[PDB]
Amino acid sequence: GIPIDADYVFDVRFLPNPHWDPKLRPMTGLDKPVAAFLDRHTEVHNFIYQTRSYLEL
Amino acid sequence: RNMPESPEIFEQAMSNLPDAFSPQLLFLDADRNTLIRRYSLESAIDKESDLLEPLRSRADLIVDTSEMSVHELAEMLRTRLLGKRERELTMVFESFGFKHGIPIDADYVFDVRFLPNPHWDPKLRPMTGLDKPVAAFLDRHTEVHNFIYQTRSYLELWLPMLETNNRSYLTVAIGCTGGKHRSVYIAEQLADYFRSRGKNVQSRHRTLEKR
Amino acid sequence: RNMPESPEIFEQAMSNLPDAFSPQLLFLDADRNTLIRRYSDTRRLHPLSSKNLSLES
Amino acid sequence: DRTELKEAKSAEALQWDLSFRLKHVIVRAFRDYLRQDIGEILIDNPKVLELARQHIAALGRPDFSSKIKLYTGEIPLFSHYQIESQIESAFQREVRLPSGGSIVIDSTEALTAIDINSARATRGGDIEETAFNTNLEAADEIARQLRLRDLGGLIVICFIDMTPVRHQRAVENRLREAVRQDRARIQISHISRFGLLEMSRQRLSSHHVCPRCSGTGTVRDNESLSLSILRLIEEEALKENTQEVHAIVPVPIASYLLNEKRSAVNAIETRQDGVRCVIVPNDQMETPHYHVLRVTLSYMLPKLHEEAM
Amino acid sequence: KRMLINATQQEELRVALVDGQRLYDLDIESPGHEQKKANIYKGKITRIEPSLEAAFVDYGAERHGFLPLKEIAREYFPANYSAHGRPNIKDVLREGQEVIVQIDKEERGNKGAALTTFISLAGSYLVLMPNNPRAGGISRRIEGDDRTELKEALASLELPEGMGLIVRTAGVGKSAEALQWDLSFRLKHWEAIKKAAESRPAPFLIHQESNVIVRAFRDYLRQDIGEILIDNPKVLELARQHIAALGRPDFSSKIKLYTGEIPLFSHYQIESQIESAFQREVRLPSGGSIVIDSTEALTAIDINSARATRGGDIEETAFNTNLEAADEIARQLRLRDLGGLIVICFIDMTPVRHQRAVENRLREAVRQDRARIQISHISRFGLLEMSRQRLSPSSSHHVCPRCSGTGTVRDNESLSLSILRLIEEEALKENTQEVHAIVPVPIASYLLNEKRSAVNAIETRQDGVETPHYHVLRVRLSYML
Amino acid sequence: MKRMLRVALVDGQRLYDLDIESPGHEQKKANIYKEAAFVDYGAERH
RNA sequence: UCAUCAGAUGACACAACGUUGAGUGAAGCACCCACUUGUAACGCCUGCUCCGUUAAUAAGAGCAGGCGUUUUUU
């Protein structure tokens, strides 16, 4: 459930699920391998950046 | 105005066009008077229709737009060209009040506390977001228009991917403190845009619907 | 929309104008705030949405 | 054109017909369809066709009746192929829709009522547009079934709620358009702030109450009846000059009456000192239906009372 | 006014507010209302669930209910509890323990019904959390100085340690002492609730809600009432439940326990009206009729009246029947408890001001009604609309077996012909070599005899092949089939 | 197109109107046959 | 029972009318209209508001009647 302290909420589901790789599924969010998988996918960059443009604004 | 005297030339050049760009022809029809509502007045059209008749013969699709509407046309078009996906969204725009709490179900939410508050004018305090006084009052203050735009842009950019994977709902909930003045107006207008683009939409003014 | 990146394009195009028909231009204008307030007519994006920060920019 | 004939098929042609009426039903169905934009009129019974030939001379229009001809094949006409859908529709209290929505042509004693039920698809999408779309389909079917079932008067409708007022207005306009082709006395109105729609009449020109409940849609519950009739009986019991009490009721009633509530019955005998009480379960009587008579064997009086009522 | 209570048979609870000798308000209890919500109960855990982190508990026969782990109180937890995320219900309590609990969620799904350890108390002014201390504060509607000064008044009042309180939304808060009174009364009731529950370990209903008292006094009763009547004195003390526990004993005078040798309702001769409350059409009180029917999409009423065929009467007398009716409409309205879409067929009249007059008579009755009502002007056709929201948000044999809600009989001859044509349409279908079917006997009785050679033709065409309840199955002894 | 087929009126494809025969008909006095307080018009209620 | 997809609570505030017409709804409350013209009768009454009065009762006014009897018409 949504954290009660949330002021904004941005779903992120549709981004490429790292789950596909069974190897990465046990690995946590902070573990570099997943950071690599995410880095591999540019769409991630597009989202981060566009979201950085949305807030800063 | 673009209709040639000799359409043989029309189809000849229509042949000339390069292959990659596939041509398609749509023709339209409605009641004679139905057209007058959007608009001599019988014979102009009759002779012109003779001019246009070759096209209707050549029409790939013909529609009867007598009872048509923008949404009708937009959906008709979306399926007409983009093809139909049984996968389909139904965006739900909810206006909630941060007092009462964030909706139990919500994919995206946007705080609209910073935008000009109709609350400042006391004659407005009772009236709610769907009373044209406040609708106007915002419409003036540009920042409102600025936000309505930028947000509509953000969603629009991330809307296609979400279409993939057969999502059955996507809910965006827009929140003021009380959820009567700002969030309502934004939810409404912001909905209408997406309605124009033809995606299915459904509004819900959660605070007003309390009573 | 129909604005080329190269300047000289419409220049030479104006040059090719035949019949010495008077090429009389017209031009409209208004302020940034007025424009924005007017550009929100349920219209599409300023085609300059190529990572262009904001309608204003 | 009327003006010239006023002094005067011509009036000469009119004169022949005037003799019969002045000198003086199924053919009246032909009078219902004077438009005669119909070419094919096929009869499976040739005797009826010959009666139609006798009625072609009375109709006095051989040129219009040139295409009339008895035909073996109802299916090509769709008389035996397509028409049947509507054929039973005219008695379907509810009508499905091509859109999937539906209607409920009610028969309230005070006035005619119809609500329209949206196509209850698996999920909900754009329910507002869905409402208008389904609404438009409905409106179309409305006038058809309205004429076809041959019922009009104080008609009212309850649409799926429609927020956009202008779009609601467009719907109303569709209604105006609905019956332009119809020839009957019609007078539409506007939406209700509630959302209802006052409607027009059809009084221009096969059933009865149901056997159980005497035409009341519902039936009161047995447990409710266990106390109702009891009160009735005790009420009549105090009636003076009363010697005994007769009661008629169907079996499941008297069952839970006596065996299940024997105590009150006996207490009712003690309070009502001296007036006899008889209760008679009868198989023929319906669940609400029964009788009673305070003024024969305890298992053989109902024959007598039945010969009474 | 006069109040009528009959409980000769506990099954049906008939209670009414009659002005003079005529009944006005209706609250005949419908057994099976089963408003189990907020009913204190006993029982024993049926199925501790590690996977669902919840415990079924058998309050009653239908299901074994539901218990979220978080809802549990200190009494259920052992004296030696441990904090490791505390997800372990087996560690909390072994099943079978006796329980204290109130109805929480009206079972409305195949899933269990929901119940909570933290019980609640429904007080006119106040609400007590007997166990959970956390809950507190004031409801929304009351605010301002009321919110400020009431927070001073409740702070002045002293509650047992570990007990929270929620002031009802009816926060007049005028008498801090009244708060004290009703609170304490609830406190003694809560103390009386757990003690009595300590009677035995079996599952049983400790407390519940019943229009008999919860709705009879908080909603139905008013200060204007002059007479209070009770039939079953067994519940006379159950009436003293509130005689002063409401904090206003002034009705002690009102109590007038029925003792006559006549059933109380007839003693005021009300059953005529009462039956009218169900009798489909009501004879107009002055004379005429007010006929009611529900479309189940709407509800409509008609007023064919004056009870005559040919005589001397006028439109202002028909207009007179429309005014007198309006009231009885309101009466029947509140009585049979309608809510939704209501429309009339007033007999129309030339005097327009008469139209205004009659609607005025209607609106005056609407103002004194507890419910909320929307009204509309008459129609050009005359059909006047009206919508009153149901005051009571509560398949009652909705369709008779023969009627099916329609209450309309397809004619036997029509029934036959429909069947015959359906048979023929079935015969021509591909892969048909027989047409077996079920048909009401009386239809068949007059069916074949008139249609011997007709059926002969039916057979020749495709060679080789109650009233609602007819079902024909096509084939690709009659008495046993 | 319009076709007439129990009596059936088919307008083009869909059925524009219907007509069935039942015992009796909607006929005014002496349609197909032949201030007093009470009179014999076939009844006396009117 | 790890994942994935679908399925009745602090410290606040609330003026001026010059928010006036920048923009007048939402719900209440009031008044205010329209234009085609097409059964009796009595018996006794175990009782219910009230109203009078003195005498709270009680007597008595009005009489949804439950129904007895009598003609009798709906």
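Note: the structure precedes this text.
Read on for an overview of the structure. (Residues numbered from 1 in each chain as written, not as in the entry; some residues may be left out. Chains lettered and ligands numbered in written order. Part of a larger assembly, values for the part shown. Heavy atoms only, no water. Residues with missing side-chain atoms left out of burial classes, pairs and counts.)

## Considerations on the overall build of chain E
Piece 1. Along its length, chain E carries twelve helices and 22 strands.
Piece 2. What you see for chain E is a C-alpha radius of gyration of 31 Å, clearly larger than the 23 Å of a compact globule of 481 residues, by over 25%.
Piece 3. Principal axes of the C-alpha set define a box for chain E whose edges measure 95 × 70 × 50 Å. (Helix = DSSP H or I, 4+ residues; strand = E, 2+ residues; numbered from the N terminus. Rg over C-alpha atoms; globule rule 2.2 N^0.38 Å.)

## Concerning the overall build of chain C
Piece 1. Per the secondary structure count, chain C includes two helices and zero strands.
Piece 2. The C-alpha radius of gyration of chain C comes to 16 Å, more than 25% above the 10 Å expected for a compact globule of 57 residues.
Piece 3. If you line up chain C on its principal axes, its C-alpha atoms span 40 × 25 × 20 Å.

## Structural notes on the arrangement of the chains
Piece 1. Among the seven pairs of chains that make contact, the interface with the largest number of contacts is formed by chains D and E.
Piece 2. A minimum C-alpha distance of 21 Å separates chain A and chain D, which share no contact. (Contact = heavy atoms within 4.5 Å.)

## A short note on the interface of chain E and chain D
Piece 1. Taken residue by residue, the interface counts 33 residues in chain E and 30 residues in chain D.
Piece 2. Of all elements in the fold, only β16 (299-302), β18 (373-375), β19 (385-388) and β20 (408-410) of chain E reach the threshold of two or more residues within the side of chain E that touches chain D.
Piece 3. Where strand β7 (residues 207-209) of chain D lies against β20(E), three bridges are found, and the strand directions are antiparallel. By the bridge assignment, D:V209 is partnered in β20(E) with E:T408. (Pairing = 2+ DSSP bridges.)

## A word on the packing of aromatic side chains
Piece 1. An angle of 45 degrees between the planes, with centres 6.3 Å apart, marks the rings of A:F10 and B:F110 as tilted. In this pair, A:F10 is assigned in strand β1 (residues 9-10) and B:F110 in strand β4 (residues 108-111), connecting two distinct chains.
Piece 2. The interplanar angle of 65 degrees and the centroid separation of 6.5 Å between the aromatic rings of A:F47 and B:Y154 together place this pair among those described as edge-to-face. Here A:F47, found in helix α2 (residues 42-56), pairs with B:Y154, found in helix α6 (residues 142-163), and the two come from separate chains.
Piece 3. By the ring-pair criterion, three or more aromatic residues cluster together here, those being A:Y8, A:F10, A:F14, A:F47, A:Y54, B:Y108, B:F110, B:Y154 and B:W158.
Piece 4. Its end group placed over the ring of B:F98, B:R113 keeps NZ or CZ at 4.0 Å from the ring centre.
Piece 5. Between the NZ or CZ atom of E:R200 and the centre of the ring of E:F204, over which it lies, the distance is 3.8 Å. (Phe/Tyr/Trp six-rings, centres within 6.5 Å; stacked < 30°, edge-to-face > 60°. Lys NZ or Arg CZ within 6 Å of the ring centre and 35° of its normal.)

## Quick look at the sheet that holds strand β10 (residues 126-129) of chain E
Piece 1. The three strands are arranged β9-β10-β11 (chain E) in an open sheet whose pairing can be described as antiparallel. At either margin of the open sheet sits one strand with a lone partner, and together these are β9 (121-122) and β11 (164-167) of chain E.

## Thoughts on the sheet that holds strand β4 (residues 113-117) of chain D
Residue and element names in this part refer to chain D.
Piece 1. Taken together, five strands build an open sheet; the order of strands is β2-β3-β4-β5-β6 and the sheet is mixed. Every other strand in the sheet has two partners, leaving β2 (94-95) and β6 (196-198) as the edge strands with one partner each.
Piece 2. For strand β5 (residues 156-158) and β6, the ladder comprises three bridges, and the chain directions are antiparallel. Residue pairing for β6: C158 is matched across the bridge by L196.

## Re the pattern of salt bridges
Piece 1. In this structure, B:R32 engages B:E42 in a salt bridge whose closest nitrogen and oxygen atoms are separated by 3.6 Å.
Piece 2. Each of the salt bridges in this network shares a partner with another, and the network as a whole consists of D:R35, D:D37 and F:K2. (Salt bridge = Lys/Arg side-chain N within 4 Å of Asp/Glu carboxyl O.)

## Some points on the packing of α2(A) against α6(B)
Piece 1. α6(B) packs onto α2(A) with a crossing angle of 175 degrees between their chain directions and a minimal axis gap of 11 Å. Put simply, α2(A) runs roughly antiparallel to α6(B). Contacts between α2(A) and α6(B) pair A:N46, A:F47, A:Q50, A:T51 and A:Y54 from the former with B:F147, B:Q150, B:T151, B:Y154 and B:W158 from the latter. (Axes fitted to C-alpha atoms, helices over the stretch in contact; angles between N-to-C directions. Parallel < 35°, antiparallel > 145°, perpendicular 65-115°, else oblique.)

## With respect to unusual backbone geometry
Piece 1. The phi torsion at E:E34 lies on the positive side, around 55 degrees, for a residue other than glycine.
Piece 2. As for its placement among the helices and strands, E:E34 is situated in the loop between β3 (22-26) and β4 (40-41).

## Let's talk about the environment of E:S418
Residue and element names in this part refer to chain E.
Piece 1. Position of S418 among the secondary structure elements: in helix α10 (residues 412-427).
Piece 2. A C-alpha to C-alpha distance of 17 Å links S418 and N456, two positions 38 residues apart in sequence.
Piece 3. A distance of 2.7 Å separates a polar atom in the side chain of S418 from the backbone oxygen of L415. (Polar contact = N/O pair within 3.5 Å; in protein donor to acceptor, adjacent residues only side chain to side chain.)

## Side note on the pairing of β3(E)
Residues and elements named next belong to chain E.
Piece 1. Sheet topology places strand β2 (residues 14-19) next to β3; four bridges connect them, and they run antiparallel. Counterpart to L17 in the pairing with β3 is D25.
Piece 2. Between β2 and the antiparallel strand that follows it, β3, lie two residues; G20 among them carries a positive phi value of about 60 degrees.

## Description of the packing of α6(B) against helix α7 (residues 182-196) of chain B
For any two helices packed against each other, one specifies the crossing angle of their axes together with the interaxial distance.
Residue and element names in this part refer to chain B.
Piece 1. Taken N-terminus to C-terminus, the directions of α6 and α7 make an angle of 50 degrees; their axes are 10 Å apart at the nearest point. As the angle between them shows, α6 and α7 are arranged oblique. The two elements α6 and α7 cross, and the hand of that crossing is right-handed. Residues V144, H145, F147, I148, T151, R152, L155, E156 and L159 of α6 form the contact with α7, whose participating residues are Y185, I186, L190, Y193 and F194.
Piece 2. Class assignment for the residues of the contact of α6 with α7 results in ten nonpolar, two polar and two charged. (Left-handed = near helix turned anticlockwise from the far one by under 90°. Nonpolar A, V, L, I, M, F, W, Y, C, P; charged D, E, K, R; others polar.)

## Here's the deal with the environment of E:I225
Residue and element names in this part refer to chain E.
Piece 1. Here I225 lies in the loop between α4 (211-220) and β12 (227-230).
Piece 2. Residues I225 and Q241, spaced 16 residues apart in sequence, show a C-alpha to C-alpha distance of 18 Å.
Piece 3. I225 has contacts with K1, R2, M3, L17 and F251, leaving out every residue within four places of it along the chain.

## Looking at the environment of A:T51
Piece 1. Counting through the fold element by element, A:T51 comes out in helix α2.
Piece 2. Sequence-distant contacts of A:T51, that is, excluding residues within four places in its chain, are made with A:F10 and B:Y154.

## Some thoughts on the side chain of E:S379
Piece 1. Tracing the sequence through the fold places E:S379 in the loop between β18 and β19.
Piece 2. Within the local environment of E:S379, its side chain forms a polar contact with the backbone nitrogen of E:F381, the two atoms lying 3.1 Å apart.
Piece 3. Once residues lying within four places of it in the same chain are set aside, the contact partners of E:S379 are D:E198 and E:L384.

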